[PDB]
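File shown: my_file.cif (mmCIF, C-alpha atoms and all ligand atoms).
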```
data_upload
loop_
_atom_site.label_atom_id
_atom_site.label_comp_id
_atom_site.auth_asym_id
_atom_site.auth_seq_id
_atom_site.Cartn_x
_atom_site.Cartn_y
_atom_site.Cartn_z
CA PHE A 1 91.92 56.13 -40.85
CA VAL A 2 90.72 53.20 -38.60
CA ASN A 3 93.05 50.31 -37.78
CA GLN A 4 90.00 48.04 -37.41
CA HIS A 5 88.24 45.10 -39.05
CA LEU A 6 85.42 46.46 -41.21
CA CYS A 7 82.87 43.58 -41.18
CA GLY A 8 79.54 44.17 -43.01
CA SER A 9 77.44 47.18 -43.82
CA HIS A 10 80.45 48.88 -42.30
CA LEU A 11 82.59 47.39 -45.01
CA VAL A 12 80.22 48.74 -47.64
CA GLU A 13 79.71 52.03 -45.94
CA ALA A 14 83.49 52.46 -45.72
CA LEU A 15 83.91 51.71 -49.40
CA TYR A 16 81.08 54.12 -50.07
CA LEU A 17 83.07 57.04 -48.57
CA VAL A 18 86.57 55.89 -49.46
CA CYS A 19 85.55 55.65 -53.12
CA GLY A 20 82.98 58.39 -53.46
CA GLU A 21 82.36 59.63 -56.98
CA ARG A 22 84.62 56.83 -58.34
CA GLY A 23 82.13 54.20 -57.07
CA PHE A 24 82.78 50.58 -56.11
CA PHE A 25 82.37 46.82 -56.42
CA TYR A 26 81.32 44.52 -53.62
CA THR A 27 81.72 40.81 -54.23
CA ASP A 28 81.20 39.82 -50.60
CA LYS A 29 82.91 36.53 -49.77
CA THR A 30 85.01 34.91 -52.44
CA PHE B 1 75.40 67.57 -52.95
CA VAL B 2 74.43 65.61 -49.81
CA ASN B 3 70.88 64.48 -50.07
CA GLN B 4 71.77 62.09 -52.77
CA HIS B 5 75.06 61.35 -51.00
CA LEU B 6 73.29 60.78 -47.66
CA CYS B 7 70.60 58.82 -49.53
CA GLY B 8 73.16 56.58 -51.17
CA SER B 9 74.57 55.76 -47.78
CA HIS B 10 71.38 53.94 -47.21
CA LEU B 11 71.18 52.30 -50.58
CA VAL B 12 74.57 50.70 -50.38
CA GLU B 13 73.69 49.37 -46.93
CA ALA B 14 70.36 47.96 -48.07
CA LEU B 15 71.89 46.61 -51.27
CA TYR B 16 74.15 44.74 -48.84
CA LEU B 17 71.34 43.07 -46.92
CA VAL B 18 69.41 42.11 -50.06
CA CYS B 19 72.28 41.07 -52.33
CA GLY B 20 73.74 38.75 -49.72
CA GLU B 21 76.58 36.92 -51.37
CA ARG B 22 75.94 37.71 -55.06
CA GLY B 23 77.45 41.18 -54.54
CA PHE B 24 76.73 44.45 -56.30
CA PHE B 25 78.34 47.28 -58.22
CA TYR B 26 77.72 50.73 -57.02
CA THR B 27 78.40 53.29 -59.71
CA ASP B 28 76.74 55.75 -62.03
CA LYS B 29 77.78 58.38 -64.56
CA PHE C 1 69.26 38.11 -48.97
CA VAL C 2 72.11 37.79 -46.36
CA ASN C 3 72.92 34.43 -44.78
CA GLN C 4 74.19 36.26 -41.68
CA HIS C 5 73.36 36.88 -38.02
CA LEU C 6 71.59 40.23 -37.75
CA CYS C 7 72.52 41.41 -34.21
CA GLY C 8 71.28 44.87 -33.13
CA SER C 9 70.42 48.08 -34.91
CA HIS C 10 71.08 45.84 -37.89
CA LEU C 11 68.28 43.60 -36.74
CA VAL C 12 65.96 46.59 -36.54
CA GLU C 13 67.21 48.17 -39.69
CA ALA C 14 66.65 44.88 -41.51
CA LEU C 15 63.12 44.61 -40.21
CA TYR C 16 62.62 48.22 -41.20
CA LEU C 17 63.27 47.40 -44.90
CA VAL C 18 61.93 43.86 -44.96
CA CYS C 19 58.60 45.10 -43.60
CA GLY C 20 58.34 48.57 -45.05
CA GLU C 21 54.85 50.01 -45.20
CA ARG C 22 53.53 47.00 -43.21
CA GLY C 23 55.63 48.08 -40.19
CA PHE C 24 56.99 45.94 -37.35
CA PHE C 25 57.33 44.86 -33.73
CA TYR C 26 60.59 44.58 -31.86
CA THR C 27 60.49 42.81 -28.51
CA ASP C 28 64.25 42.48 -28.19
CA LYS C 29 65.24 39.53 -26.03
CA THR C 30 62.51 37.27 -24.77
CA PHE D 1 58.84 59.06 -50.67
CA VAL D 2 62.37 58.82 -49.20
CA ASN D 3 62.94 61.63 -46.82
CA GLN D 4 60.52 60.17 -44.42
CA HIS D 5 61.74 56.67 -45.33
CA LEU D 6 65.41 57.69 -44.87
CA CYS D 7 64.38 59.57 -41.71
CA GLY D 8 62.66 56.54 -40.28
CA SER D 9 65.81 54.54 -40.78
CA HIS D 10 67.23 56.66 -38.07
CA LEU D 11 64.24 56.57 -35.80
CA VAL D 12 64.05 52.82 -35.64
CA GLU D 13 67.76 52.71 -34.85
CA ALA D 14 67.50 55.31 -32.10
CA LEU D 15 64.31 53.74 -30.77
CA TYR D 16 66.53 50.66 -30.42
CA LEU D 17 69.17 52.35 -28.28
CA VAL D 18 66.62 54.07 -26.03
CA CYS D 19 64.04 51.31 -25.67
CA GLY D 20 66.66 48.76 -24.66
CA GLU D 21 64.81 45.63 -23.70
CA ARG D 22 61.22 46.94 -23.41
CA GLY D 23 60.92 46.89 -27.21
CA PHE D 24 58.85 49.04 -29.53
CA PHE D 25 56.26 48.91 -32.28
CA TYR D 26 57.01 50.71 -35.43
CA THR D 27 53.89 51.41 -37.43
CA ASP D 28 51.57 54.16 -38.54
CA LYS D 29 48.53 54.54 -40.77
CA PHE E 1 65.42 70.50 -37.35
CA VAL E 2 66.23 67.03 -38.74
CA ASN E 3 68.01 67.36 -42.00
CA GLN E 4 71.01 68.72 -40.29
CA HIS E 5 70.42 66.31 -37.39
CA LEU E 6 70.04 63.33 -39.75
CA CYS E 7 73.01 64.66 -41.75
CA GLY E 8 75.18 64.86 -38.67
CA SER E 9 74.42 61.25 -37.92
CA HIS E 10 76.46 60.50 -40.94
CA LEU E 11 79.24 62.93 -40.23
CA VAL E 12 79.99 61.60 -36.81
CA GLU E 13 80.09 58.08 -38.24
CA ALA E 14 82.41 59.05 -41.08
CA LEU E 15 84.53 61.18 -38.76
CA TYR E 16 84.92 57.90 -36.87
CA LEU E 17 86.26 55.93 -39.83
CA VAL E 18 88.65 58.67 -40.92
CA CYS E 19 89.90 59.89 -37.54
CA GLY E 20 90.78 56.37 -36.42
CA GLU E 21 92.53 56.71 -33.10
CA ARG E 22 93.29 60.46 -33.03
CA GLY E 23 89.66 61.15 -32.07
CA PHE E 24 87.46 64.14 -32.76
CA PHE E 25 85.30 66.76 -31.11
CA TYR E 26 81.82 67.14 -32.35
CA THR E 27 80.36 70.49 -31.40
CA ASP E 28 79.28 73.82 -32.80
CA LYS E 29 77.63 76.99 -31.55
CA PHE F 1 68.31 52.50 -22.59
CA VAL F 2 70.37 49.48 -23.91
CA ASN F 3 72.26 47.24 -21.50
CA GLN F 4 74.76 46.46 -24.28
CA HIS F 5 78.37 47.05 -25.31
CA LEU F 6 78.46 49.96 -27.75
CA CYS F 7 81.54 49.19 -29.90
CA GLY F 8 82.30 51.57 -32.81
CA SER F 9 80.24 53.83 -35.02
CA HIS F 10 77.57 52.67 -32.60
CA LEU F 11 79.54 54.20 -29.78
CA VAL F 12 79.71 57.48 -31.68
CA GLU F 13 76.18 57.33 -32.91
CA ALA F 14 75.01 56.73 -29.33
CA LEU F 15 76.98 59.69 -28.06
CA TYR F 16 75.55 61.69 -30.94
CA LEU F 17 71.97 61.19 -29.65
CA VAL F 18 72.69 61.01 -25.94
CA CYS F 19 74.45 64.38 -26.12
CA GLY F 20 72.56 66.17 -28.86
CA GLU F 21 72.84 69.93 -28.84
CA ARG F 22 75.48 69.72 -26.05
CA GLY F 23 77.86 67.89 -28.44
CA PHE F 24 80.69 65.49 -27.61
CA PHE F 25 84.30 64.34 -27.52
CA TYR F 26 85.55 61.05 -28.88
CA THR F 27 89.09 60.06 -27.95
CA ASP F 28 88.75 56.47 -29.10
CA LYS F 29 91.12 54.15 -27.25
CA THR F 30 93.19 55.60 -24.47
CA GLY G 1 69.35 54.57 -62.42
CA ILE G 2 69.18 53.44 -58.76
CA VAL G 3 69.69 56.89 -57.41
CA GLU G 4 67.20 58.82 -59.53
CA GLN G 5 64.76 55.89 -58.98
CA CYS G 6 65.31 55.12 -55.24
CA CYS G 7 66.31 58.42 -53.85
CA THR G 8 63.11 60.06 -55.27
CA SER G 9 60.61 57.26 -54.46
CA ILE G 10 61.06 54.50 -51.90
CA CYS G 11 62.55 51.38 -53.47
CA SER G 12 61.26 48.25 -51.67
CA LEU G 13 63.66 45.34 -51.16
CA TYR G 14 62.27 43.85 -54.32
CA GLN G 15 63.17 46.87 -56.48
CA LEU G 16 66.52 47.09 -54.85
CA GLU G 17 67.25 43.41 -55.69
CA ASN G 18 67.22 44.42 -59.30
CA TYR G 19 70.59 46.11 -58.91
CA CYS G 20 72.40 42.92 -57.56
CA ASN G 21 75.07 40.78 -59.17
CA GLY H 1 62.43 35.37 -30.35
CA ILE H 2 63.63 37.34 -33.45
CA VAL H 3 66.81 37.85 -31.57
CA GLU H 4 67.20 34.17 -30.72
CA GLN H 5 66.21 33.14 -34.26
CA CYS H 6 68.21 35.86 -36.21
CA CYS H 7 71.07 36.81 -33.86
CA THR H 8 71.94 33.64 -31.99
CA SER H 9 71.07 31.70 -35.28
CA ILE H 10 70.99 32.95 -38.97
CA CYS H 11 67.63 34.04 -40.41
CA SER H 12 66.11 33.88 -43.81
CA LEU H 13 64.04 36.66 -45.32
CA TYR H 14 60.73 34.76 -44.78
CA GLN H 15 61.91 34.15 -41.31
CA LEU H 16 62.20 37.85 -40.82
CA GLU H 17 58.73 38.74 -42.10
CA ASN H 18 57.25 36.69 -39.38
CA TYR H 19 57.90 39.77 -37.31
CA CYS H 20 56.12 42.33 -39.47
CA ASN H 21 52.81 43.81 -38.22
CA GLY I 1 52.75 60.47 -34.67
CA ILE I 2 56.50 59.76 -34.36
CA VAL I 3 57.19 60.52 -37.96
CA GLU I 4 55.30 63.79 -38.34
CA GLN I 5 56.73 64.78 -34.90
CA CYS I 6 60.38 63.56 -35.20
CA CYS I 7 61.05 63.80 -38.85
CA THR I 8 60.02 67.53 -38.85
CA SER I 9 61.68 68.60 -35.57
CA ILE I 10 64.50 66.81 -33.77
CA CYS I 11 63.18 64.39 -31.17
CA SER I 12 65.64 64.12 -28.25
CA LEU I 13 66.13 60.72 -26.60
CA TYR I 14 63.54 61.75 -24.08
CA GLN I 15 60.82 62.37 -26.68
CA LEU I 16 61.75 59.22 -28.46
CA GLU I 17 61.36 57.19 -25.22
CA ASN I 18 57.71 58.02 -25.36
CA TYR I 19 57.21 55.58 -28.21
CA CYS I 20 58.66 52.51 -26.28
CA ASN I 21 56.93 49.41 -24.99
CA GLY J 1 81.87 74.82 -39.76
CA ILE J 2 81.58 71.09 -40.57
CA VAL J 3 77.85 71.16 -40.75
CA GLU J 4 77.34 74.23 -42.93
CA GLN J 5 80.25 72.93 -45.09
CA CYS J 6 79.48 69.15 -45.26
CA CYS J 7 75.77 69.05 -44.96
CA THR J 8 75.39 71.48 -47.95
CA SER J 9 78.11 70.02 -50.23
CA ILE J 10 79.60 66.53 -50.03
CA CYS J 11 82.74 66.49 -47.90
CA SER J 12 85.16 63.81 -49.19
CA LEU J 13 87.19 61.83 -46.63
CA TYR J 14 89.96 64.31 -47.15
CA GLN J 15 87.85 67.33 -46.15
CA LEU J 16 86.42 65.43 -43.28
CA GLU J 17 89.94 64.61 -41.97
CA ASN J 18 90.36 68.29 -41.35
CA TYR J 19 88.06 68.09 -38.35
CA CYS J 20 90.13 65.33 -36.52
CA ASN J 21 92.17 65.53 -33.35
CA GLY K 1 88.81 39.22 -51.12
CA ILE K 2 87.94 42.62 -49.52
CA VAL K 3 86.19 40.65 -46.89
CA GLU K 4 89.16 38.35 -46.28
CA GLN K 5 91.58 41.30 -46.37
CA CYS K 6 89.46 43.84 -44.32
CA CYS K 7 87.20 41.66 -42.15
CA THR K 8 89.23 38.57 -41.34
CA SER K 9 92.37 40.91 -41.28
CA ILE K 10 92.61 44.76 -40.71
CA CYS K 11 92.77 47.00 -43.79
CA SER K 12 94.45 50.25 -44.53
CA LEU K 13 92.86 53.03 -46.53
CA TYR K 14 95.00 52.29 -49.65
CA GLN K 15 94.06 48.73 -49.17
CA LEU K 16 90.46 49.71 -49.40
CA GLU K 17 90.76 51.75 -52.60
CA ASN K 18 91.90 48.70 -54.39
CA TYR K 19 88.22 47.95 -54.54
CA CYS K 20 87.01 51.20 -56.10
CA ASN K 21 85.82 51.15 -59.74
CA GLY L 1 88.07 55.55 -21.54
CA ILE L 2 84.55 55.58 -23.11
CA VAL L 3 85.70 52.68 -25.14
CA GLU L 4 87.01 50.77 -22.13
CA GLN L 5 83.92 51.66 -20.09
CA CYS L 6 81.24 51.13 -22.87
CA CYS L 7 82.84 48.64 -25.28
CA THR L 8 84.98 46.38 -23.13
CA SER L 9 82.25 46.77 -20.36
CA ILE L 10 78.49 47.75 -20.68
CA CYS L 11 77.55 51.40 -20.12
CA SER L 12 74.55 53.11 -18.69
CA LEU L 13 73.05 56.27 -20.13
CA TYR L 14 74.47 58.47 -17.30
CA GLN L 15 77.72 56.76 -17.92
CA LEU L 16 77.58 57.91 -21.48
CA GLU L 17 76.84 61.57 -20.73
CA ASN L 18 80.07 61.80 -18.91
CA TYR L 19 81.49 62.20 -22.37
CA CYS L 20 79.33 65.08 -23.58
CA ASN L 21 80.94 68.54 -23.95
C1 LIG M 101 74.94 58.01 -58.89
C2 LIG M 101 76.45 57.93 -58.87
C3 LIG M 101 77.20 58.55 -59.89
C4 LIG M 101 78.59 58.47 -59.90
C5 LIG M 101 79.25 57.76 -58.89
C6 LIG M 101 78.53 57.14 -57.88
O1 LIG M 101 79.19 56.44 -56.91
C7 LIG M 101 77.12 57.21 -57.86
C1 LIG M 102 54.61 56.35 -40.60
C2 LIG M 102 54.36 54.93 -41.08
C3 LIG M 102 53.14 54.62 -41.70
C4 LIG M 102 52.88 53.32 -42.15
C5 LIG M 102 53.85 52.32 -41.96
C6 LIG M 102 55.07 52.62 -41.34
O1 LIG M 102 55.99 51.62 -41.16
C7 LIG M 102 55.33 53.93 -40.90
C1 LIG M 103 76.40 72.15 -35.47
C2 LIG M 103 76.19 71.87 -33.99
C3 LIG M 103 75.86 72.92 -33.12
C4 LIG M 103 75.67 72.69 -31.76
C5 LIG M 103 75.83 71.40 -31.26
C6 LIG M 103 76.16 70.34 -32.10
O1 LIG M 103 76.31 69.08 -31.58
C7 LIG M 103 76.34 70.57 -33.48
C1 LIG M 104 66.21 51.15 -48.33
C2 LIG M 104 66.19 52.46 -49.04
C3 LIG M 104 66.98 53.46 -48.52
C4 LIG M 104 66.98 54.72 -49.12
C5 LIG M 104 66.19 54.94 -50.25
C6 LIG M 104 65.39 53.91 -50.78
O1 LIG M 104 64.61 54.16 -51.89
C7 LIG M 104 65.39 52.66 -50.16
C1 LIG M 105 67.52 60.39 -33.40
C2 LIG M 105 66.64 61.01 -34.43
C3 LIG M 105 66.85 60.62 -35.74
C4 LIG M 105 66.08 61.19 -36.75
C5 LIG M 105 65.09 62.13 -36.42
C6 LIG M 105 64.88 62.51 -35.08
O1 LIG M 105 63.91 63.43 -34.78
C7 LIG M 105 65.67 61.94 -34.07
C1 LIG M 106 80.37 61.19 -45.41
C2 LIG M 106 79.45 62.36 -45.43
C3 LIG M 106 78.19 62.16 -44.88
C4 LIG M 106 77.27 63.20 -44.89
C5 LIG M 106 77.64 64.44 -45.45
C6 LIG M 106 78.91 64.63 -46.00
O1 LIG M 106 79.24 65.85 -46.54
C7 LIG M 106 79.83 63.57 -45.99
CL CL M 107 69.26 60.89 -43.69
CL CL M 108 78.68 45.21 -34.92
ZN ZN M 109 70.36 59.06 -42.94
ZN ZN M 110 77.47 47.25 -36.34
#
```
Kindly return the structure encoded in the file as C-alpha cells.
Ligand SMILES: Cc1cccc(O)c1
Ligand SMILES: Cc1cccc(O)c1
Ligand SMILES: Cc1cccc(O)c1
Ligand SMILES: Cc1cccc(O)c1
Ligand SMILES: Cc1cccc(O)c1
Ligand SMILES: Cc1cccc(O)c1
Ligand SMILES: [Cl-]
Ligand SMILES: [Cl-]
Ligand SMILES: [Zn+2]
Ligand SMILES: [Zn+2]
Amino acid sequence: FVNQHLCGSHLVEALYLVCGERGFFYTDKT
Amino acid sequence: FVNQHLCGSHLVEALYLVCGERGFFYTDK
Amino acid sequence: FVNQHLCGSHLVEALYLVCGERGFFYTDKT
Amino acid sequence: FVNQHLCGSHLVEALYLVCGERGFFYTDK
Amino acid sequence: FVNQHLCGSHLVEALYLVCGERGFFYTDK
Amino acid sequence: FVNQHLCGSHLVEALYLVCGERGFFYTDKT
Amino acid sequence: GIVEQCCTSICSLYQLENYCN
Amino acid sequence: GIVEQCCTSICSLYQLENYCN
Amino acid sequence: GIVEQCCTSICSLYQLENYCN
Amino acid sequence: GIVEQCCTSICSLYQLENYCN
Amino acid sequence: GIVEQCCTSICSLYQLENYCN
Amino acid sequence: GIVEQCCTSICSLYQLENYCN
C-alpha cells in the first residue's frame, strides 16, 4: 500500500476501495 | 460486478465535491 | 460544495459535473 | 444515462492532459 | 473498445494505491 | 500535451493513455 | 438508493446533494 | 481565468458556472 | 462527435487531440 | 489476466495486490 | 480525523480501515 | 526515474513514452 498523503477525492477513492462492500463514512475536516 | 463498482467510483468522488465539509456516508445493503 | 482549490483534472472534472448537459469551455491558463 | 456520462468523465480528463494549454470546448447537441 | 479501456483506467489507479513502492507492470496480449 | 508535473495516479493515468495498447511499467520511486 | 438511482440515470449535482450529511 | 479564480484562489459553485457554455 | 466516436471505440491520444482548441 | 478477471467481477484490494511487483 | 491522520500525516492501510462502516 | 523526471521535474510526451513496454 502507498506510504503517501491521500488528500481529497483520492482520500475518498482510497476509502472506496479499502472498504469495498463494507462501505464508509467521510466527515471531511473535523 | 464492476459496472456498479466502477460507477460508484465516480459517485463517491462527486459526492466529495458537492458535500464539501458536511461529509457523507457511502453504504447500502 | 467544496471550499477548496480545484487544480487540474479536478478543475475539469468539477466543471464536467457542475455544467452537465449545458457543457463547458476550458481555456486553461490565461 | 450514465455510461456515456461516466465515459465522458474520462474524456474531459484525457482532453485535459492532451490539450495542455490550448484548451478545449466540451459540448454536443 | 471502451468498457475495458475505461475499466482499466480504474485498475491502473488502484494498482497504484495498493502496489505503493513495489511498482507494477500493466500489459497483456 | 500538458507542461505540468504529473505526480501520482495522474502519473499512472497519463502513462495509461500515452502508452495504450503498448502497455507500461511503473516502478514508482527509484 | 444512490446506486440504483444514479448508476442507471445521470444524477445531477442537485440529486447527488441529497445523499450528503 | 477559471484557473486563476479556482486554482490560485478558492471558487464557489456559482463561480464555477460562469464557465459553462 | 467525440462521444459517439470515443465512447464506442477507444480514441487514442492522437484522435483525442483533434478536439482541442 | 487482470482485465478478464477484474473488469468482469470486482477485484478487491487483495486480488489486485496479486498483480504487483 | 481521517483527513488529519491521512492528509496532514501519512496513513497506513489499517489506519484507513478505521473509517469503514 | 519517471517520478523524478515527471513529478520532481516537468515531462514531455516523448519523455513519457520512454516508459511504455
Ligand atoms: C450499493 C452498496 C451496497 C453495499 C455496500 C456499498 O459500499 C454500496
Ligand atoms: C455529448 C454531449 C451533449 C450535450 C452536452 C454535453 O456536455 C455533451
Ligand atoms: C489487457 C491489455 C492488453 C494489451 C495491452 C494492454 O495495455 C492491456
Ligand atoms: C457524477 C455522476 C457520476 C456517475 C453517475 C452519476 O449518476 C453521476
Ligand atoms: C482516454 C479515453 C477515455 C475514455 C474513452 C476513450 O475513447 C478514450
Ligand atoms: C478497483 C477496481 C476498479 C475497477 C475494477 C475492479 O475489479 C476493481
Ligand atoms: Cl467508467
Ligand atoms: Cl493533486
Ligand atoms: Zn470510469
Ligand atoms: Zn489529484
Which chains and residue numbers are within 9 Å of ligand LIG 101 (chain M), counting all atoms listed in the file, if I want them as a PyMOL selection string? (chain A and resi 16+19-24) or (chain B and resi 4-5+8+26-29) or (chain G and resi 1-4) or (chain K and resi 21)
Tell me the residues of chain B close to chain J, meaning within 9 Å using all atoms listed in the file, as a VMD selection string. chain B and resid 1 to 3 5 to 6
Measure the distance from atom CA of residue 11 of chain C to atom CL of ligand CL 108 (chain M) in Å and round it to one decimal.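 Between these atoms lies a distance of 10.7 Å.
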Find the residues of chain B that sit at most 6 Å from ligand LIG 104 (chain M); for each, write down the nearest two atoms and how far apart they are in Å, to one decimal. Count only C-alpha atoms and all ligand atoms. Sort by chain, then by number going up, and give it as a tab-separated table.
```
residue	atom	partner	partner_atom	distance
B:7	CA	M:LIG104	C4	5.5
B:10	CA	M:LIG104	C3	4.6
B:11	CA	M:LIG104	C3	4.8
B:14	CA	M:LIG104	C1	5.2
```
With all atoms listed in the file counted, collect every polymer residue having an atom within 7 Å of ligand ZN 110 (chain M); state the result as number ranges by chain. A: 10; C: 10; F: 10
Give me the least-squares superposed chain K (reference chain J; all C-alpha atoms paired in order) as an mmCIF file with C-alpha atoms, keeping the file's coordinate frame.
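In the end it all went to superposed.cif:
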```cif
data_model
loop_
_atom_site.group_PDB
_atom_site.id
_atom_site.type_symbol
_atom_site.label_atom_id
_atom_site.label_comp_id
_atom_site.auth_asym_id
_atom_site.auth_seq_id
_atom_site.Cartn_x
_atom_site.Cartn_y
_atom_site.Cartn_z
ATOM 1 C CA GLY K 1 81.844 74.620 -40.473
ATOM 2 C CA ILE K 2 81.842 70.785 -40.889
ATOM 3 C CA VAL K 3 78.134 71.059 -41.068
ATOM 4 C CA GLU K 4 78.211 73.804 -43.703
ATOM 5 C CA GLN K 5 80.944 71.985 -45.650
ATOM 6 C CA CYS K 6 79.556 68.362 -45.332
ATOM 7 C CA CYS K 7 75.802 68.823 -44.820
ATOM 8 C CA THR K 8 74.868 71.903 -46.812
ATOM 9 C CA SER K 9 77.593 70.795 -49.397
ATOM 10 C CA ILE K 10 79.119 67.269 -50.067
ATOM 11 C CA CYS K 11 82.424 66.419 -48.368
ATOM 12 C CA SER K 12 85.361 64.331 -49.342
ATOM 13 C CA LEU K 13 87.224 62.079 -46.952
ATOM 14 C CA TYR K 14 90.219 64.492 -46.686
ATOM 15 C CA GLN K 15 87.714 67.176 -46.123
ATOM 16 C CA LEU K 16 86.416 65.267 -43.183
ATOM 17 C CA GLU K 17 89.787 64.679 -41.514
ATOM 18 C CA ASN K 18 90.230 68.355 -41.204
ATOM 19 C CA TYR K 19 88.024 67.922 -38.192
ATOM 20 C CA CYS K 20 89.999 65.219 -36.388
ATOM 21 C CA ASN K 21 91.908 66.166 -33.205
#
```
Can you write out as CSV which residues of chain C fall within 8 Å of chain B, alongside each residue's closest atom pair and its distance in Å to one decimal, counting all atoms listed in the file and ordering rows by chain and ascending residue number?
```
residue,atom,partner,partner_atom,distance
C:1,CA,B:18,CA,4.1
C:2,CA,B:20,CA,3.9
C:3,CA,B:20,CA,6.6
C:14,CA,B:17,CA,7.4
C:17,CA,B:14,CA,7.8
```
Counting all atoms listed in the file, which residues of chain F fall within 12 Å of chain A, and what is the closest atom pair for each with its distance in Å at one decimal, ordered by chain and rising number, as CSV?
```
residue,atom,partner,partner_atom,distance
F:7,CA,A:4,CA,11.4
F:8,CA,A:4,CA,9.6
F:9,CA,A:10,CA,8.8
F:10,CA,A:10,CA,10.8
F:28,CA,A:2,CA,10.2
F:29,CA,A:3,CA,11.4
```
Around all listed atoms of segment 11-19 of chain I, padded 8 Å per side, what centre and edge lengths does the axis-aligned box have in Å to one decimal, as AutoDock Vina command-line options?
```
--center_x 61.7 --center_y 60.0 --center_z -27.6 --size_x 24.9 --size_y 24.8 --size_z 23.1
```
